[PDB]
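Note that each Cβ is placed from the backbone with ideal geometry, even for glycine, and that neighbours are counted across all protein chains shown. Derivation of every value follows stated rules applied to the coordinates shown; laboratory data play no part.
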Amino acid sequence: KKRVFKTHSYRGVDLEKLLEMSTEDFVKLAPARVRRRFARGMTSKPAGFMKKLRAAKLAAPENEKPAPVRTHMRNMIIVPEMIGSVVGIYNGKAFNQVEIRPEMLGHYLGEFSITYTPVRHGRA
Amino acid sequence: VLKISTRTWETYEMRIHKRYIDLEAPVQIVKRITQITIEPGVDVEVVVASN
Amino acid sequence: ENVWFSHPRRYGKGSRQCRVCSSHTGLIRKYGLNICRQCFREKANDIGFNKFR
Amino acid sequence: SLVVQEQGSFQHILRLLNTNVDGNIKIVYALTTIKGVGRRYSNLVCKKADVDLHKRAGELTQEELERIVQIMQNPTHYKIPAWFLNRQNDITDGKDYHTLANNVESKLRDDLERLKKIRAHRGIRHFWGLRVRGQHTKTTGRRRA
Amino acid sequence: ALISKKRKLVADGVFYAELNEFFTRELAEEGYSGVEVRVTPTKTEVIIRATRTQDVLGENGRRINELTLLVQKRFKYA
Amino acid sequence: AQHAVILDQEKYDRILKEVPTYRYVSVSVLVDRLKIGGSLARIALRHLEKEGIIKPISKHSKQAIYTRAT
Amino acid sequence: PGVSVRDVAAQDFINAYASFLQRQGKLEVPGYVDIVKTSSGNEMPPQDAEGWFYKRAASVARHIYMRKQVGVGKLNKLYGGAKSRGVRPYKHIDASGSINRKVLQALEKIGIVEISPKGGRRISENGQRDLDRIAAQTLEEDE
RNA sequence: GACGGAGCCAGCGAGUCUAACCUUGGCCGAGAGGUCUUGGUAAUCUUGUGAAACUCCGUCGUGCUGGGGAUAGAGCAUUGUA
């Protein structure tokens, strides 16, 4: 065998040129919601998060899962800069330790932390 | 005519009475007619040649 | 000397007050008199929003 | 229009785009029996294929129907301007497909399916038998399931 | 100015409301009976029709000074 | 579409042999003789008013009255 | 006796003037004809598919003879309609601004309309000319 | 009665100063929207709010149907720190 299988594509752009491209070219090919999100708010939104994020991605224990990087920015779009890192996402409590996946691109961090224990009609 | 809905509901209204009198006039008796006959409640606006 | 004391209070229901009594609720905003509706009902002669008909 | 005198050229139910289509009614809404080609889309296919709109499905000798077939899985190839489509900037190849009868639901499937690859709250709201468009489940929609 | 006449009259009513409630709270022990607001050239007269206005006039220039000053410094009046 | 949104040759000839004595023909008449639907009922009204047989004395679609040429 | 297009009923004039500008061939039917909605307050594309633009050109031309001026947005406010909000009742929306604006540019190119001062579009002297002329034609075909 | 042209009609109204309201017009875009000015602190301009229900001319023909617009998807954009 010779074929190292393939990478997934975001919208016609594979992962190998996703991670090492930019934030802003990603939000170019990201849809109108993410493009409108990063069109405004140019005042360094993942500020402490990126520094601690890369600090635990570099403090990762030798190709294991990195240390949790905890934030309240539920509204943060997963960008290919943070692929392979570990994010702690709030919901009222409960810092959810989440692996960032290659395929997880384009959507909000608050989509990855459920904010309620669901319904339980009855269920004693 | 202005109307005011207010809360078992409630309604008020209103009365802006606005007119214009044009006195193509010397400035002497304009100054006199604007200093004299002061009165509570009435707004006088003294503007100049129609432009 | 304090850096963490304020949410954006420029819009929302908390963005103003009743000038009599601080109210966000019941606040009349037509013609900007900024009175809550119950104090509007009370001070409507002091401001002059009279019951005419 | 006019009385014409047509013959066994008038043929009833035929299969185009993998499903069966009723004859003797207007081609525009004959094609809306087919999945993925809506009323606007089928209307514009019957316009852009140089087809008389007023005919039935009982008419339409095979060239115009074959060109309609050719249009429906090749939208921007024959100038359908990609605002008139359903799956813009696709999700993997990033192109603009107008997916069809056995494709569109499948590609619809693929959208929902890739949510289970991501773990977003969209799929989480999908799985429990609920509405993902955020409206209340408290009072409305009671014939549900 | 640059005030719409609708908003102008509503704001004048708000001003007379603050006059009435404030001078109600203020000069109640002078037997405050009412204000009236009369703007003339060079003046804007708030008349305190009341029972005991010698306690309003003040010692050879007092509290009517201080009351005009309170109204002055709140309402940004010259 | 119960039947006859196409013309099926013998139908128009049976119309020409069955519009004598029709005091009342219209869209709904050419439907309700167990016959041609309102798409090409208008076509056969236009094509009998094309020559002779039916004469119009009202105006528009949803409401017509056409007669025998007497 | 003398004619005006106010002196003629509107609908038969607009049919005759649609057929007249069909005869003319001075069109500007930009290229997105019948792939377009022609009014945002509607769903389906127009039914004739060769034209609807001469109909709308006739309507805009006679409506500009009868008025001082109308704008792009005024024609959007005119040819807009009540589109169904489905589970909710109806509401009026401005039409597609492109289509009406291209009708204005088309009638400007022929000299049937002219960009008005104060904003809007006045009927041109050739516009008044051609409208009253084939309005006289539309009466004398019904004489 | 749907659908599109085509005629195109009100009254009660609200509208921006020590700011960002009504928006005309003109373009660009199917659109959404955007652009640029323009007027109106309002019998002045938005606005004559050219509203729909309505009127004509047909596409439909009695068919969960072209009635009905539930679901749902993806894209485009606007509101807003989100």
Working only within the range B:24-40, note down all residues that are closer than 25 Å to E:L9 by Cβ and loosely packed, with under 10 Cβ neighbours inside 10 Å. B:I36, B:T37, B:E39
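When you go through C:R10, C:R29, C:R16 one by one, which is the residue that is closer than 21 Å to B:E10 by Cα, within 16 Å of RNA strand H (Cβ to nearest atom) and away from every other protein chain (no Cβ under 11 Å)? First the steps, then the outcome.
Values: C:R10 fails: closer than 21 Å to B:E10 by Cα; C:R16 fails: closer than 21 Å to B:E10 by Cα.
Result of the check over C:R10, C:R29, C:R16: C:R29.
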If I ask for residues that are of a type in the set (G, A, S), closer than 21 Å to D:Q88 by Cα and surrounded by fewer than 13 Cβ atoms within 10 Å (Cβ to Cβ), which ones from the range A:1-38 would you list? A:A32
Under the condition of being in contact with a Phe, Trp or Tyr (Cβ under 9 Å, 6 or more places away or on another chain) and small (G, A, S), which residue from the range G:88-135 is surrounded by the fewest Cβ atoms within 10 Å (Cβ to Cβ)? G:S98
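Considering only residues that are assigned to a loop (DSSP other than H, G, I, E, B), under 18 Å from the mean Cα position of the chain (by Cα) and over 13 Å from B:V47 (Cβ atoms), which ones fall in the range B:19-37? Break it down into steps so the answer makes sense when it comes.
Step one: filter the range B:19-37 for residues assigned to a loop (DSSP other than H, G, I, E, B), giving B:19-26, B:36-37.
Now drop any that are not under 18 Å from the mean Cα position of the chain (by Cα), which leaves B:19-23, B:36-37.
The answer is B:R19, B:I36, B:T37.
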Out of (1) in a helix (DSSP H, G or I); (2) away from chain C (no Cβ under 11 Å), the one E:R49 does not meet is (1)
Filter result (surrounded by fewer than 18 Cβ atoms within 10 Å (Cβ to Cβ), more than 6 Å from RNA strand H (Cβ to nearest atom), within 14 Å of chain D (Cβ to nearest Cβ) and acidic (D, E)) within the range G:20-71: G:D48, G:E50
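Would you mind finding the one in D:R67, D:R15 that is in a helix (DSSP H, G or I) and not aliphatic (A, V, I, L, M)?
Numbers: D:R15 fails: in a helix (DSSP H, G or I).
Step by step, each of D:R67, D:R15 is checked, and only D:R67 is in a helix (DSSP H, G or I) and not aliphatic (A, V, I, L, M).
Name the strands (runs of 3 or more DSSP E) wholly inside the range A:66-124 in which the number of residues that are within 12 Å of chain D (Cβ to nearest Cβ) and under 15 Å from D:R119 (Cβ atoms) is 3 or more.
On the way: elements: A:69-71, A:86-89, A:96-99.
Qualifying strands (runs of 3 or more DSSP E): A:96-99.
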Restricting attention to the range A:37-54, report how many residues are closer than 17 Å to A:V98 by Cβ, out of contact with any strand residue (DSSP E or B) (no Cβ under 8 Å at 6 or more places or on another chain) and among the aliphatic types (A, V, I, L, M). 1
Hits in the range A:1-47 (condition: assigned to a loop (DSSP other than H, G, I, E, B) and under 20 Å from D:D110 (Cβ atoms)): A:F5, A:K6, A:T7, A:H8, A:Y10, A:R11, A:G12, A:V13, A:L15, A:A30, A:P31
Evaluate the range D:73-92: report whether one residue or more is within 14 Å of RNA strand H (Cβ to nearest atom), within 12 Å of another protein chain (Cβ to nearest Cβ), acidic (D, E) and over 17 Å from the mean Cα position of the chain (by Cα). no
